[PDB]
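Notes follow once the structure below has been shown.
Per-chain numbering from 1; labels A, B, C, D, E, F, G, H and I assigned in written order.
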Amino acid sequence: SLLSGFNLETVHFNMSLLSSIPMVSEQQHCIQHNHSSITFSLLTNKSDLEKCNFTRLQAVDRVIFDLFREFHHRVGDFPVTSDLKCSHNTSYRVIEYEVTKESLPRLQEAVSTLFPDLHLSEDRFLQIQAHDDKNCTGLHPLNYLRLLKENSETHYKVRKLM
Amino acid sequence: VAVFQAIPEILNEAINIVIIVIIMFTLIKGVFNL
Amino acid sequence: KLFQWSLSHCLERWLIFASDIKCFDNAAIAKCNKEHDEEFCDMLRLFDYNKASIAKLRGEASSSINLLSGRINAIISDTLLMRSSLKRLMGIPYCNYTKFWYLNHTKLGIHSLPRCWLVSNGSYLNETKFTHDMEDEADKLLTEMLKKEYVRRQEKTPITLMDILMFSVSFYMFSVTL
Amino acid sequence: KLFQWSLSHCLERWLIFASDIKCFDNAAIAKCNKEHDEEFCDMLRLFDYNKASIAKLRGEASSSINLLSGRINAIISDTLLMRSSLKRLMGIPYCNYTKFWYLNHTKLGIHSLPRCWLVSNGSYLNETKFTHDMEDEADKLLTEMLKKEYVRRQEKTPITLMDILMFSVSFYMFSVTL
Amino acid sequence: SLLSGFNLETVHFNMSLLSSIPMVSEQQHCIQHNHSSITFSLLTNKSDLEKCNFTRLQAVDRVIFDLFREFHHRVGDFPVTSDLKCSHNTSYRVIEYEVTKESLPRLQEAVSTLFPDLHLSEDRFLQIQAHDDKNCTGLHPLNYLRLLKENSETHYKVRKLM
Amino acid sequence: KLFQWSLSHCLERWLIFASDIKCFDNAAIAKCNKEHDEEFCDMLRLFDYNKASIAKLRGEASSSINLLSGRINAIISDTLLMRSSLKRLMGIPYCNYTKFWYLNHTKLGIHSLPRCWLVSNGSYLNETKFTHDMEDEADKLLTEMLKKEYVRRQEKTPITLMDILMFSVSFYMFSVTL
Amino acid sequence: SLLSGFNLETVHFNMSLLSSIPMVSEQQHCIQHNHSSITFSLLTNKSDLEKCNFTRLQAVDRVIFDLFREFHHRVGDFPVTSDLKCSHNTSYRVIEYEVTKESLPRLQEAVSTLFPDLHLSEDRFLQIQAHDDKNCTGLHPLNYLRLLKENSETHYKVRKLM
Amino acid sequence: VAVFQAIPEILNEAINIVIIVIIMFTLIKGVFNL
Amino acid sequence: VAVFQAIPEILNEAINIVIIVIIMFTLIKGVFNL
């Protein structure tokens, strides 16, 4: 046929140099911008962190705030009963979401936007831990751009109905 | 060699065959003059 | 122009090839100037914006990601990203923007603009499931080769000169008529 | 390609005609592959997405409508829908996506891509109020017929062969010069 | 002229097979997805239904929740004083909005997006009644796509200003 | 069509020129019919919408600005506006939609579609910083002049007539062969 | 070169006739639609105006409400502690925003969208004063279209995170 | 019959008239040989 | 005068030179008949 003469060649982009655009490694459940990374871990134990004061987190650690802000807006109206706990700590940087029965749909609809294979379960916590040196493997911008587009277009549907 | 290479792919079309036959006859008239 | 953001690929090794080719000729990248419906060109726009933001926004890292909110349609096509997301959610083979296949003609030397290697069910589609696209792209390569040659000839040949050629054949026939 | 969603119109009788014609030839539907500014092609994309969602999303009916939120720009042009809404709110004759008029040339047999029958004040516009568009579409049909014939000839005729024809006429003139 | 030779032919699409995409029949004030339909009636009498518990409505009748969700988000911030009453009933499925003076602008700006000829009036109720067998006449996707686009682009303008 | 909103520029003096020219020929404005990637044409769409809203919405001034919320992508390209905003926020020379430069060929008389005079750091860019764009636009003017002449000839010349010309030259050669 | 034969000519649009589309004169810090204008002044003194009742402002002066609505939605969730004071007056039409430390980021991120050279400072007020006769100089639609696009796309990011 | 049908629509253009006149004269020379 | 004006800009291209040389030789054969 026509395709007999032609040869199939594969082109792969060099994602290592995409420092500005945040990239999402689904293999390590990691969102990395430049050298800064946030790791999403389904912890089974409750941390002793205090409630999230986002002005204080912004004043203290801007990197982690910028990294999780799009994910947090994709979570939408977090239930008041559910506990969002921020470390507010320069070294041990951890933001823990309580996966309550009421909160599980929103958190799952966000992690499945970022990490489709992360299946959140009730009676657990979603810890976003910031690392200034962890080089995550598998970084592609695609999932973060999907997150941005979902936030821009479908912000209404993720807000409370009453 | 680009001219020769393209010819085999699309010789099926009638227009192309008609054009080539006309070119060949022109060369034949040139030989007749010689 | 294709590269709006970076103002005054091969040098920076944007593309990785397993075939030992290290770069594409400038015309290959030019083939995306007006191509907003192919994801390879969208990734080229993303890399251009990355170069521009590395140059002009090296000072503050916060702004480099506080500017990508509600402004991605400027850099890349929203339609292609949303089509990929919808096809992924529906189970249809979708483009995840990672692997790009392009037909390199060994003899003639022309190649096609890299198209996305559609991925379904977490695995790249087999060649046998888009070979119709490969045949279409080969026919497109031949037809667009000849079309581009005609376009360039029209661009740089006086049509008035061609009409003068027609009139020249006409009055040469008139001359030999005698 | 025009039909992104449905992967492996006449058979499913997507189009209803009062003229007794039951289908359009594949070229008529192809005429929309790169046409994102006509609402007939947008409705074709909608029907293709409907077929794809009937096939791949037959299980859950909730998802079939929970996926159309913020993802319509992938299936149809947002610009055309918003232009229709704005023209409707301003009182300007707008396209409501229901009636599509296409000029069928009886003798030559060619037809034009169906355009939207603009509706104003709750009633379809009279033929006398867009007959300028009809005349423009007839002139467009003739010009685009000849342009498409030229495009196909360029696509499948070696331009080098044409240059060889020119040189052949040249040296034939040289020969008869003697 | 040129148009003398050409003939005008009319092409109409076959909307009966658009089962996946919800369609809006303005003649019957009906939004139909597949065989499920929701009818918008301007009732003059107050129903005895309880307040809307949307988690319970989602658990019980997903079809009606999915059908009215876009319309409800197009209504935006419903006034607290106004009463939104949900039946929470498998058979008699009715969601009644109180058209108070404060609520009338939002409800009118939503029904005029879906059904331009439905003129809501004060001191009445907008009953959305779900029917699993009613075949509404005049179904076109256009109005629902307009609703989706208005929700995605102009969600801000329909939210409370303080 | 370019002027969707206004239905039944030179008369209303939309464009101000410092060169003493008072208007552009209809073809110059037509050059924007399918040009959604140039901001001069976007401003033409804005002026057309302004005329339409002055005509059809003279009654209520509240609606004339309550309709522009979430409906600008119908009138103008969102991509161009967001690219301008992003380039402005990044410090890259951006188009602020105010000054438009177009190359007027004195002798041949053809002119180019006005392009945006990029502004950086609160001052208009000097001619020396986009003169590459000016040279590209001059080469584009020549090439597109010849391309448009070929397009119009193809539009209004029977290709079958050209093939008959080719066969006529063929059998004239056959005749003089004897 | 090629450019030697060609001449550079400048085309300027006639913005005076853009009556329908609101235009933003950054030289006078003014948003003008038709003959109506709103002037943004960084007042240093506290006005005696009462709290903003937006239903009353809409009933009384529709022109000023329509003029500032996009800017107000670009400000997003105004802090409760900060004082938004509306005149509710046909003649002296003034809406004053208190530039508190908490409110300064949002107000600055809005004025820098409309008037990039207006640098809001703490312990001051942003007075939007309506004028039915002031002809502002420098009116271009660009900034208002930027405001509309930012409101449509990035409404989420300007809402409170808890 | 497509060739004949297209001819009436666009006979106005000068180029088309010039081409047709040249074709007719070629046939006349053919008759002269006969 | 449009024909003459366009000629200087793009005489560099070989195709254009080849075409013009062929046209000139045709006129020379016409002179030979005269």
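Here is the rule we use: contacts are C-beta pairs under 8 Å (C-beta built on N, C-alpha and C of every residue); 3 or more make two chains touch, one makes a residue touch a chain.
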Practice task
Name whichever of A-C and D-I has more C-beta pairs touching across its two chains.
Solution key: A-C
Handout entry: Equivalent of D-I within the choices B-C, C-I or B-F, defined by over half of its residue contact pairs recurring
Key = B-F
Handout entry: Euclidean distance of C-alpha centroids - subunit F vs subunit H, Å
Key = 39
Completion exercise
Rounded to the nearest Å, the gap separating the Cα centres of subunit H and subunit I is 26
Problem - Centre-of-Cα separation between subunit G and subunit E, whole angstrom - result: 35
Completion exercise
dist(centroid_CA(subunit D), centroid_CA(subunit G)) in Å evaluates to 43
Practice task
Would you mind listing the residues of subunit H that make contact with two or more other chains?
Solution key: 2, 6, 9-10, 15, 22, 26, 29
Completion exercise
Contacts with two or more other chains occur in subunit D at residues 53, 57, 69-71, 73, 78, 82, 85, 107, 142, 153, 156-158, 160, 165-166, 169, 172-173, 176
Exercise for the section: Can you tell me which residues of subunit G touch two or more of the remaining chains? Expected result: 2, 149-155, 157
Exercise for the section: Note which residues of subunit I are touching subunit C in the complex, please. Expected result: 2-3, 6-7, 10, 13, 15-16, 19-20, 22-23, 26-27, 29-30, 33
Exercise for the section: Could you please specify the touching residues of subunit D with respect to subunit B in the complex? Expected result: 153, 156-158, 160-161, 164-165, 168, 171-172, 175, 178
Completion exercise
Residue positions on subunit E within touch of subunit A in the complex are 52, 54-55, 69, 72-73, 78, 84, 151-152, 155
Problem - Complex interface listing, subunit C residues touching subunit H - result: 163, 170, 173-174, 177
Practice task
Over in the complex, which subunit D residues touch subunit C? Could you list them?
Solution key: 4-5, 7, 52-53, 56-57, 63, 67, 70-71, 73-75, 151, 154-160, 166, 169, 173, 176
